[PDB]
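Everything on this sheet refers to the single structure shown next.
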Amino acid sequence: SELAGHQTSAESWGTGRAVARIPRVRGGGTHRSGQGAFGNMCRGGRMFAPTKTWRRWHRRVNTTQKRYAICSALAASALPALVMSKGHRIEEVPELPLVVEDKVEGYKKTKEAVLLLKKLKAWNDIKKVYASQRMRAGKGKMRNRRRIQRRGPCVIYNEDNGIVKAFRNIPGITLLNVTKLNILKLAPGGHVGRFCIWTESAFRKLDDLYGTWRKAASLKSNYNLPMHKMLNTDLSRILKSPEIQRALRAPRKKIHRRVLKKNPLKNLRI
Amino acid sequence: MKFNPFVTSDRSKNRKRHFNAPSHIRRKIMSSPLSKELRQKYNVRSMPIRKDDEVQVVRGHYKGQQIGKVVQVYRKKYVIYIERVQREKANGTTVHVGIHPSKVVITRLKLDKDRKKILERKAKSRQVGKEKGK
RNA sequence: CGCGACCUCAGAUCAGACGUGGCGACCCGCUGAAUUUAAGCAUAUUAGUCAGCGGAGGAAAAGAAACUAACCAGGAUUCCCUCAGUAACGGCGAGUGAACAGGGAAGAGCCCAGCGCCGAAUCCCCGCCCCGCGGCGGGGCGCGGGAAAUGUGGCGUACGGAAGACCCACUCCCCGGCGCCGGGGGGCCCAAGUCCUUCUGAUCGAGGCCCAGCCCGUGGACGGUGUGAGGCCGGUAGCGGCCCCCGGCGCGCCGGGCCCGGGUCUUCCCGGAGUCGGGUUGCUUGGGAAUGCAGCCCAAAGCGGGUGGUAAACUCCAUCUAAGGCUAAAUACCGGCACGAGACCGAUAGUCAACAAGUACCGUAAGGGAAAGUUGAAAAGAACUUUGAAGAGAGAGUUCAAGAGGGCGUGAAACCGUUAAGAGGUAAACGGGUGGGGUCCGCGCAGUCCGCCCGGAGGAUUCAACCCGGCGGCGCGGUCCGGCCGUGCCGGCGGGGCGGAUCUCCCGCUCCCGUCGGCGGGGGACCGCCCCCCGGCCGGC
RNA sequence: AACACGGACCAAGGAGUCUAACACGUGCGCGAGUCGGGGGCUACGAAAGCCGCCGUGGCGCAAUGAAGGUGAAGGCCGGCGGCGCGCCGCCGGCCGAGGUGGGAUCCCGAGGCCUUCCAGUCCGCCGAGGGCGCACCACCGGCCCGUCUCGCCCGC
RNA sequence: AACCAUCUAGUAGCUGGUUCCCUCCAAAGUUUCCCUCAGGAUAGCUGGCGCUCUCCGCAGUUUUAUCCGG
RNA sequence: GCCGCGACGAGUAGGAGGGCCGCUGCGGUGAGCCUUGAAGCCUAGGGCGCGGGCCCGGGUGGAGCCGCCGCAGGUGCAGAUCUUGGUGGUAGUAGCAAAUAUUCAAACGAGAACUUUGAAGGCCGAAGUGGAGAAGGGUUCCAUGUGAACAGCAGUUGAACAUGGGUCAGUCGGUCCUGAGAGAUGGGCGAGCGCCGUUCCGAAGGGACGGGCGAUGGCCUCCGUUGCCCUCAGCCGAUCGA
RNA sequence: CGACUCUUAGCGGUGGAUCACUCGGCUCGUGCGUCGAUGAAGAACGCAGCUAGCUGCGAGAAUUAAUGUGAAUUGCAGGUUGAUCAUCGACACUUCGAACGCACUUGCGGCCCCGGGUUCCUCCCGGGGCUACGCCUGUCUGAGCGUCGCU
Ligand SMILES: [Mg+2]
Ligand SMILES: [Mg+2]
Ligand SMILES: [Mg+2]
Ligand SMILES: [Mg+2]
Ligand SMILES: [Mg+2]
Ligand SMILES: [Mg+2]
Ligand SMILES: [Mg+2]
Ligand SMILES: [Mg+2]
Ligand SMILES: [Mg+2]
Ligand SMILES: [Mg+2]
Ligand SMILES: [Mg+2]
Ligand SMILES: [Mg+2]
Ligand SMILES: [Mg+2]
Ligand SMILES: [Mg+2]
Ligand SMILES: [Mg+2]
Ligand SMILES: [Mg+2]
Ligand SMILES: [Mg+2]
Ligand SMILES: [Mg+2]
Ligand SMILES: [Mg+2]
Ligand SMILES: [Mg+2]
Ligand SMILES: [Mg+2]
Ligand SMILES: [Mg+2]
Ligand SMILES: [Mg+2]
Ligand SMILES: [Mg+2]
Ligand SMILES: [Mg+2]
Ligand SMILES: [Mg+2]
Ligand SMILES: [Mg+2]
Ligand SMILES: [Mg+2]
Ligand SMILES: [Mg+2]
Ligand SMILES: [Mg+2]
Ligand SMILES: [Mg+2]
Ligand SMILES: [Mg+2]
Ligand SMILES: [Mg+2]
Ligand SMILES: [Mg+2]
Ligand SMILES: [Mg+2]
Ligand SMILES: [Mg+2]
Ligand SMILES: [Mg+2]
Ligand SMILES: [Mg+2]
Ligand SMILES: [Mg+2]
Ligand SMILES: [Mg+2]
Ligand SMILES: [Mg+2]
Ligand SMILES: [Mg+2]
Ligand SMILES: [Mg+2]
Ligand SMILES: [Mg+2]
Ligand SMILES: [Mg+2]
Ligand SMILES: [Mg+2]
Ligand SMILES: [Mg+2]
Ligand SMILES: [Mg+2]
Ligand SMILES: [Mg+2]
Ligand SMILES: [Mg+2]
Ligand SMILES: [Mg+2]
Ligand SMILES: [Mg+2]
Ligand SMILES: [Mg+2]
Ligand SMILES: [Mg+2]
Ligand SMILES: [Mg+2]
Ligand SMILES: [Mg+2]
Ligand SMILES: [Mg+2]
Ligand SMILES: [Mg+2]
Ligand SMILES: [Mg+2]
Ligand SMILES: [Mg+2]
């Protein structure tokens, strides 16, 4: 608040009296007399630049960049190294863009959905989360941000047939509609590689939502896929082609170190 | 997760509720479990505790198998004074030590009119909830 | 003179009614400053702002055109975006500063006087009787009493309207009650281990529960509990359950009121003065030969009047009908009640105040206005003995611990006591360079292994080569068999899904004389693009 | 160092921040376009996603002039009408969007880069000399609006 | 020209103070205008960011010619 | 990223770069640590870094904490005659000097220069260091007990502390009166909360005795108790103010 | 070696920093959006077995009734045909305050009705109920060489 601090009346004593020339409290036999009200340095007193509400909290962003991002993130979900480097445990899992039959939607109980994840052998990630459930450090503690845990594997569905109610109890697992995707969840910390579990409807719909490079997306008004700058990333294979090696000079790679100056007047053979 | 938006999940508001709770709510707070034998009989998990109930303390210094009788309830400190759990202060006078109700198990109910009434209400809601869930 | 009608004005402790103050975050109407800026200051600016006074509501105010425009025209108010830092104002300096059109939220329109018709067809109160009565009403009856011609009610109000006659077609609405069927407030309830081992003062910890990978999960938010708990308790989830009150839409019936319309042709009717407007003064506004408001003085009209952003005379055009009134929705809210959250603050911070705070205390008074949190799991708060007047202590004693003993968690520096060590006449204190002594450490105090070789001494059911079985890697198998794909390419008696400012008979609709055009829609061709099928080329895995 | 000022000692607190606008530099997206920020549809989320017959509107794609206004190459052959062989204007055909100098990179390539001595092709590499010239700079011409001077004609 | 609160954190070309390391570069007190002389602007001095070319151009210098100077 | 070659290195006001320098909090991440003892704090221990600072050992303590990639900030103190809080030297010093004065024995009591009694010596010297009141203070009055704190030495004492008690009116005062004056009503002014003004532009009496008539209540005798009519009435300005 | 002075470490003292705890704030948002002559807001004075304050309450004075709940409160004594808590519709709410009988002394009154007082003599005493200003509609009684009518 703006009021904070300044509610006092305080005339200065001024010159003389061998004192600081400060706003001092107006009389009264009690501790607070000559005791110092305003000024960031005085006890009590107005802190510098009272925090205003009309600070610029919100930052808007462009649409094209948002969609670029969702694409890059999805591309990364196919790469396993990236998925591992985000720490997700996935070695016996058969295929990374892990597609599933459309009967799960009909599931309505956690005992079944768990037994399913057991059959797919994805439970070790949850096991890691269970072992990792522990306490937060700091004052947060007293503001309802007490416990922290690792993020788990995403599940994407097209239509809700009870599955949402059925999975929400498992710690970590975020569900998602496909039409209404989110970045803040897909790439936490702006770090690439959340482990996802697709359903066949959602897997087929991506071709219509974003399109290929020779067919635009039918749903969004005007949006084709983002173009490559260079296709052959693997320059290692390039650099040892016949053609370039053919057209290069010889590598002068011998090291010629510093020679010591010996005196010709003294040394005969020099 | 709680989805009801008018219920609060805030530390200081719940602590305030407990430490400044009224007698009639404290009654409801200070509840204890039934043994599995009695659970077989009434088909009831838990009951509010009464002045004249027999009990076994599970944890603490005084734990054991000694079925002690309750003497008196002190709701203002959320605690009860039981027959043999005590210690002698120097001068000689003995003092019953307070125990928290959850660390206690019932072996024989003092069965009034209302107590049987309540157990049947709880059994009714159990039969309905299981057949309804079914 | 006396008596009686009215008129005007008093008194009543007359019978019955209403106002009077508070709160004042948001709203409305007045009055109304200076600090300050201009590098000075005086007009401007600060500013129609703080401060003063009055009056309200859950919202207020506003509002159905004396309008905008000047286009092929729009059509109450309120609010958002944009028009815009524009046109304009100003010691032309400093600075100030709108509106209309456009896209949106919401969207609802109405009423008197007058002019005129109708036996005043109107109203209030008393009294008597019936029903109902915790929002004081419905009905019937009185040579019961007043109001009202200085005008009560019905119709009807500028979008025109009435009366009269002539044609056509009509039957459900309003007021309150009763019972019977289907949001809000209050109350009580609902899953699953204290299972087996282990540390510890106390366990919510650790480890374990096998192929039914402990049990429940539509419930793993949170709090409590002698540390850290999905499963110990309260709660949380669930179109889960039960019990009360109030409302909400429906249905069946009683006692009353209202008896209204659609067109046609003929005849009549129609508007609100100390107000507009002008001169003049002073303030205010972006409004400049005066945008608005007010005071004085003057003082009008009826094919009239106002407005049409440079005064005026003449002139044609356009557009509205002032001077009487009402009106819900969207919008605003740092006060209040009752609620929810947070990348906020953590006892010199945060409201001045986490506590018996607007308290103690100060000033004659208006007003000013503080300091101040924390034993422990459990009061277990130190019985008993002993010196001393007692305070104070000594033994013993609780507790895991008093190395926590009632301003008691942890307990730094400044400052002091004592102990230990070292030293001492140029105040102390310092950098560089060395020495001596202390201090503890090195777990020092007979000191490197590593490959390979050479040699001498042990021992194990052991090396190579082949056979069998499995697997991986590679293949100029020059060119083994079959797939899959291509931001590769040709053919189509293809089937299509989109788009097209390329074309195209029928259909539907209005008008004219079964006939002739137009508009809208729809097939119907035509161009491009992709998807699924074949066939064939090029290249990859 | 000062006969210039402040300072006995210690702990904790204590000072270029936020908002608007502008200017320049850098990073990112799309590109003669670009932006939905207002509005509408659809536990964490008061988020996120969508809207294009919601691109009205904003900025940019054209300036100049006080204002009414106006608005960004030209050259050549024959003809026709007219005048002093040539010219002006008016009809048909061809080239058609400047020039000079300096210019990083590219192109041409006389000749040639060694096995036994000659004969003998293909692939590279170097290079005398000569060209097309990006960006950018300098200069010269041309076009547009206002303004001044001198002129002669076309049009209904 | 009293006292209390509010406008009010009122203005200051004037005193005073302004919180971690290293590395690299490194100044001026002069011109003109100002009711300007304890102050600003403005040129000058300084840094940083780069960019176009280089592996013909420039210099606080001399020489040779040639003018100027009071 | 690693590596090789040469040349150079002062720096105030000022600018720029890198900081595995450091603080507080947010999303990810370490199958991170911890009651077999976290944070903080102390240290003549061992060490690292040019430095900002950091890591190990030991002691104390008893419940939460940190590393790495990104984000945001109320983010680093010696000074400001800075703010609040605490502590030194100066110092066991300056000082406890206004108006003549004390002395002997005895008692309670642990203890006595100051308590009490007695005895002796002095002073205030009725314009009083006396006895009684007002305004004003507000339980301080009285008794019993206490000996922490206060009474600038002490105290067995006290106006300190703790327990309890206590103020009796027809005649003593206020209450009644008016005094200088304040202040309503009517009236006027005033945008207005409100203001002027106090007899000035006001219909400013609710009273009495008898007569008549009416109306009740009583040993209705005689006298009350209400009403009308006749007849009569100067005030002065409501009201407070010793 | 002494005492005194300086420096460092161990230990004890003064003082209460740091760290860890948090029934309080700030900010944003939602839904409602209600006082009073039927005596409000504010202030004063009182009330508990042991009670000063804080908190609650009005001569029924830390609470009555009714309804829900279903056996305690507690620092100490003592006393289930509903103790105790909550909910709150009935019941009640002292004295100042716009403040209302006139004054602020807490002083004076005035009218009517009951009971003691009489022996209706009315006194005396207690209690109860009325007694603010402005304004409206009606009721009643009046005023005026205002305007008339009859006489
Ligand atoms: Mg911390
Ligand atoms: Mg009356
Ligand atoms: Mg109010
Ligand atoms: Mg000025
Ligand atoms: Mg100035
Ligand atoms: Mg001046
Ligand atoms: Mg003004
Ligand atoms: Mg203005
Ligand atoms: Mg109201
Ligand atoms: Mg209104
Ligand atoms: Mg209005
Ligand atoms: Mg109107
Ligand atoms: Mg307009
Ligand atoms: Mg109307
Ligand atoms: Mg009407
Ligand atoms: Mg009328
Ligand atoms: Mg817990
Ligand atoms: Mg828990
Ligand atoms: Mg567990
Ligand atoms: Mg439970
Ligand atoms: Mg739920
Ligand atoms: Mg003006
Ligand atoms: Mg006017
Ligand atoms: Mg104009
Ligand atoms: Mg504070
Ligand atoms: Mg202390
Ligand atoms: Mg301590
Ligand atoms: Mg130190
Ligand atoms: Mg010594
Ligand atoms: Mg000197
Ligand atoms: Mg000094
Ligand atoms: Mg940029
Ligand atoms: Mg300041
Ligand atoms: Mg100041
Ligand atoms: Mg000076
Ligand atoms: Mg000369
Ligand atoms: Mg240098
Ligand atoms: Mg240097
Ligand atoms: Mg400890
Ligand atoms: Mg602790
Ligand atoms: Mg300091
Ligand atoms: Mg001396
Ligand atoms: Mg002395
Ligand atoms: Mg003296
Ligand atoms: Mg003397
Ligand atoms: Mg004398
Ligand atoms: Mg006396
Ligand atoms: Mg006394
Ligand atoms: Mg003494
Ligand atoms: Mg007497
Ligand atoms: Mg007056
Ligand atoms: Mg008097
Ligand atoms: Mg007197
Ligand atoms: Mg110490
Ligand atoms: Mg502190
Ligand atoms: Mg601290
Ligand atoms: Mg009480
Ligand atoms: Mg009761
Ligand atoms: Mg009850
Ligand atoms: Mg008086």
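Letters for chains follow the order of the structure tokens (A, B, ...), residue numbers begin at 1 for each chain, and ligand numbers begin at 1 in the order shown.
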Dump as an NGL selection string the residues of chain F that approach chain A to within 7 Å, counting only C-alpha atoms (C1' of nucleotides). :F and (27-28 or 31 or 65 or 70 or 81 or 83-84)
Grab the residues selected above and save them as a PDB file, in the first residue's frame with N, CA, C and O atoms (P, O5', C5', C4', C3', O3' and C1' of nucleotides).
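Written output follows (part25.pdb):
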```
ATOM      1  P     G F  27       7.841 -24.610  -8.234  1.00  0.00           P
ATOM      2  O5'   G F  27       8.188 -24.837  -9.766  1.00  0.00           O
ATOM      3  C5'   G F  27       7.211 -24.635 -10.769  1.00  0.00           C
ATOM      4  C4'   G F  27       7.715 -25.020 -12.147  1.00  0.00           C
ATOM      5  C3'   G F  27       8.207 -26.450 -12.346  1.00  0.00           C
ATOM      6  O3'   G F  27       7.169 -27.348 -12.686  1.00  0.00           O
ATOM      7  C1'   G F  27       9.799 -24.936 -13.211  1.00  0.00           C
ATOM      8  P     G F  28       7.372 -28.943 -12.591  1.00  0.00           P
ATOM      9  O5'   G F  28       8.569 -29.285 -13.590  1.00  0.00           O
ATOM     10  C5'   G F  28       9.722 -29.990 -13.147  1.00  0.00           C
ATOM     11  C4'   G F  28      10.749 -30.159 -14.225  1.00  0.00           C
ATOM     12  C3'   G F  28      11.757 -31.261 -14.004  1.00  0.00           C
ATOM     13  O3'   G F  28      11.320 -32.480 -14.549  1.00  0.00           O
ATOM     14  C1'   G F  28      12.904 -29.271 -14.456  1.00  0.00           C
ATOM     15  P     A F  31      20.362 -40.510  -9.317  1.00  0.00           P
ATOM     16  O5'   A F  31      18.887 -40.336  -8.763  1.00  0.00           O
ATOM     17  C5'   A F  31      17.968 -41.378  -9.024  1.00  0.00           C
ATOM     18  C4'   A F  31      17.075 -41.697  -7.866  1.00  0.00           C
ATOM     19  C3'   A F  31      17.759 -42.498  -6.775  1.00  0.00           C
ATOM     20  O3'   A F  31      17.223 -42.138  -5.502  1.00  0.00           O
ATOM     21  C1'   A F  31      16.066 -43.826  -7.735  1.00  0.00           C
ATOM     22  P     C F  65      15.101 -25.604   5.368  1.00  0.00           P
ATOM     23  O5'   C F  65      16.334 -26.259   4.620  1.00  0.00           O
ATOM     24  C5'   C F  65      17.626 -25.971   5.094  1.00  0.00           C
ATOM     25  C4'   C F  65      18.724 -26.755   4.412  1.00  0.00           C
ATOM     26  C3'   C F  65      18.957 -26.483   2.955  1.00  0.00           C
ATOM     27  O3'   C F  65      19.667 -25.292   2.698  1.00  0.00           O
ATOM     28  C1'   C F  65      19.069 -28.805   3.352  1.00  0.00           C
ATOM     29  P     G F  70      22.179 -22.439 -18.657  1.00  0.00           P
ATOM     30  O5'   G F  70      20.602 -22.338 -18.735  1.00  0.00           O
ATOM     31  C5'   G F  70      19.956 -21.152 -18.303  1.00  0.00           C
ATOM     32  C4'   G F  70      18.466 -21.246 -18.466  1.00  0.00           C
ATOM     33  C3'   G F  70      17.663 -20.053 -17.975  1.00  0.00           C
ATOM     34  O3'   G F  70      17.461 -19.048 -18.946  1.00  0.00           O
ATOM     35  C1'   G F  70      16.855 -21.979 -16.937  1.00  0.00           C
ATOM     36  P     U F  81      25.027  14.104   8.183  1.00  0.00           P
ATOM     37  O5'   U F  81      25.220  13.517   9.622  1.00  0.00           O
ATOM     38  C5'   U F  81      26.538  13.461  10.077  1.00  0.00           C
ATOM     39  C4'   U F  81      26.734  14.016  11.455  1.00  0.00           C
ATOM     40  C3'   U F  81      25.745  13.595  12.513  1.00  0.00           C
ATOM     41  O3'   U F  81      26.153  12.376  13.099  1.00  0.00           O
ATOM     42  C1'   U F  81      26.361  15.898  12.723  1.00  0.00           C
ATOM     43  P     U F  83      20.870   9.614  13.742  1.00  0.00           P
ATOM     44  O5'   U F  83      19.801   8.447  13.681  1.00  0.00           O
ATOM     45  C5'   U F  83      18.758   8.513  12.730  1.00  0.00           C
ATOM     46  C4'   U F  83      17.844   7.316  12.775  1.00  0.00           C
ATOM     47  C3'   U F  83      17.770   6.577  14.095  1.00  0.00           C
ATOM     48  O3'   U F  83      16.838   7.132  14.998  1.00  0.00           O
ATOM     49  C1'   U F  83      18.187   5.035  12.411  1.00  0.00           C
ATOM     50  P     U F  84      17.188   7.162  16.555  1.00  0.00           P
ATOM     51  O5'   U F  84      17.064   5.632  16.949  1.00  0.00           O
ATOM     52  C5'   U F  84      15.778   5.090  17.101  1.00  0.00           C
ATOM     53  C4'   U F  84      15.744   3.594  17.187  1.00  0.00           C
ATOM     54  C3'   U F  84      16.410   2.992  18.388  1.00  0.00           C
ATOM     55  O3'   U F  84      15.634   3.123  19.566  1.00  0.00           O
ATOM     56  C1'   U F  84      17.005   1.761  16.478  1.00  0.00           C
TER      57        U F  84
END
```
Going by DSSP on the backbone, which residues of range 7-77 of chain B come out as strand (DSSP E)? List them as a PyMOL selection string. chain B and resi 31-33+46-48+54-57+68-74
Chain A residues within 7 Å of chain C, counting only C-alpha atoms (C1' of nucleotides): which ones, as a list in words?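 The complete set of qualifying residues is residues 28, 29, 30, 31, 32, 43, 110, 165, 166, 169, 171, 213 and 215 of chain A.
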Show me which residues are within 12 Å of ligand 9 counting only C-alpha atoms (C1' of nucleotides) and all ligand atoms, and format the list as a list in words.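 After applying the 12 Å limit, what remains is residues 23, 56, 57, 58 and 59 of chain C; 33, 34, 35 and 36 of chain G.
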Excluding residue 121 in chain B and its own-chain neighbours fewer than 2 positions away, which residues fall within 12 Å of it when counting only C-alpha atoms (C1' of nucleotides)? Please give them as a PDB file with C-alpha atoms (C1' of nucleotides), in the first residue's frame.
```pdb
ATOM      1  CA  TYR B  42     -21.093 -54.307  14.143  1.00  0.00           C
ATOM      2  CA  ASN B  43     -19.360 -54.015  10.760  1.00  0.00           C
ATOM      3  CA  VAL B  44     -18.110 -50.576  11.829  1.00  0.00           C
ATOM      4  CA  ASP B 114     -27.810 -43.791  21.132  1.00  0.00           C
ATOM      5  CA  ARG B 115     -24.692 -45.818  20.679  1.00  0.00           C
ATOM      6  CA  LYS B 116     -26.698 -48.692  19.162  1.00  0.00           C
ATOM      7  CA  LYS B 117     -28.676 -46.151  17.166  1.00  0.00           C
ATOM      8  CA  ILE B 118     -25.583 -44.664  15.631  1.00  0.00           C
ATOM      9  CA  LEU B 119     -24.019 -47.966  14.781  1.00  0.00           C
ATOM     10  CA  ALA B 123     -24.275 -49.794   8.950  1.00  0.00           C
ATOM     11  CA  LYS B 124     -27.163 -48.572   6.851  1.00  0.00           C
ATOM     12  CA  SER B 125     -24.987 -46.137   4.971  1.00  0.00           C
ATOM     13  CA  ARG B 126     -22.456 -48.932   4.459  1.00  0.00           C
ATOM     14  CA  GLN B 127     -24.967 -51.352   2.996  1.00  0.00           C
ATOM     15  CA  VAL B 128     -26.346 -48.669   0.728  1.00  0.00           C
TER      16      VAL B 128
ATOM     17  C1'   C C 188     -26.190 -36.487  10.152  1.00  0.00           C
ATOM     18  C1'   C C 189     -23.380 -40.310   7.357  1.00  0.00           C
ATOM     19  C1'   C C 190     -20.067 -43.582   3.758  1.00  0.00           C
ATOM     20  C1'   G C 241     -27.432 -41.590   0.846  1.00  0.00           C
ATOM     21  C1'   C C 242     -30.898 -39.831   4.682  1.00  0.00           C
TER      22        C C 242
END
```
Write as a ChimeraX atom specification the residues around ligand 35, taking 10 Å as the cut-off and counting only C-alpha atoms (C1' of nucleotides) and all ligand atoms. /D:4-5 /E:15-16
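Taking only C-alpha atoms (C1' of nucleotides) and all ligand atoms into account, ligand 42 has within 12 Å the residues residues 91, 93, 94 and 95 of chain F.
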Output of the above residues as a PDB file, in the first residue's frame, restricted to N, CA, C and O atoms (P, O5', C5', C4', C3', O3' and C1' of nucleotides):
```pdb
ATOM      1  P     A F  91      38.561  10.462  35.602  1.00  0.00           P
ATOM      2  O5'   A F  91      37.983   9.133  36.223  1.00  0.00           O
ATOM      3  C5'   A F  91      38.182   8.916  37.606  1.00  0.00           C
ATOM      4  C4'   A F  91      37.207   7.931  38.195  1.00  0.00           C
ATOM      5  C3'   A F  91      37.292   6.513  37.633  1.00  0.00           C
ATOM      6  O3'   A F  91      37.037   5.479  38.580  1.00  0.00           O
ATOM      7  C1'   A F  91      35.129   7.330  37.383  1.00  0.00           C
ATOM      8  P     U F  93      35.665   7.369  44.612  1.00  0.00           P
ATOM      9  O5'   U F  93      35.796   8.881  44.186  1.00  0.00           O
ATOM     10  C5'   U F  93      37.086   9.385  43.955  1.00  0.00           C
ATOM     11  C4'   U F  93      37.147  10.332  42.788  1.00  0.00           C
ATOM     12  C3'   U F  93      36.271  11.568  42.820  1.00  0.00           C
ATOM     13  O3'   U F  93      36.902  12.608  43.546  1.00  0.00           O
ATOM     14  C1'   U F  93      36.182  10.515  40.683  1.00  0.00           C
ATOM     15  P     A F  94      36.090  13.580  44.530  1.00  0.00           P
ATOM     16  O5'   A F  94      35.178  14.433  43.548  1.00  0.00           O
ATOM     17  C5'   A F  94      35.749  15.463  42.764  1.00  0.00           C
ATOM     18  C4'   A F  94      34.738  16.100  41.830  1.00  0.00           C
ATOM     19  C3'   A F  94      33.491  16.707  42.424  1.00  0.00           C
ATOM     20  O3'   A F  94      33.722  18.016  42.892  1.00  0.00           O
ATOM     21  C1'   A F  94      32.930  15.401  40.535  1.00  0.00           C
ATOM     22  P     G F  95      33.632  18.364  44.447  1.00  0.00           P
ATOM     23  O5'   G F  95      32.285  17.705  44.969  1.00  0.00           O
ATOM     24  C5'   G F  95      31.042  18.346  44.817  1.00  0.00           C
ATOM     25  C4'   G F  95      29.950  17.368  44.507  1.00  0.00           C
ATOM     26  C3'   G F  95      29.067  16.983  45.674  1.00  0.00           C
ATOM     27  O3'   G F  95      28.077  17.966  45.946  1.00  0.00           O
ATOM     28  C1'   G F  95      29.659  15.059  44.428  1.00  0.00           C
TER      29        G F  95
END
```
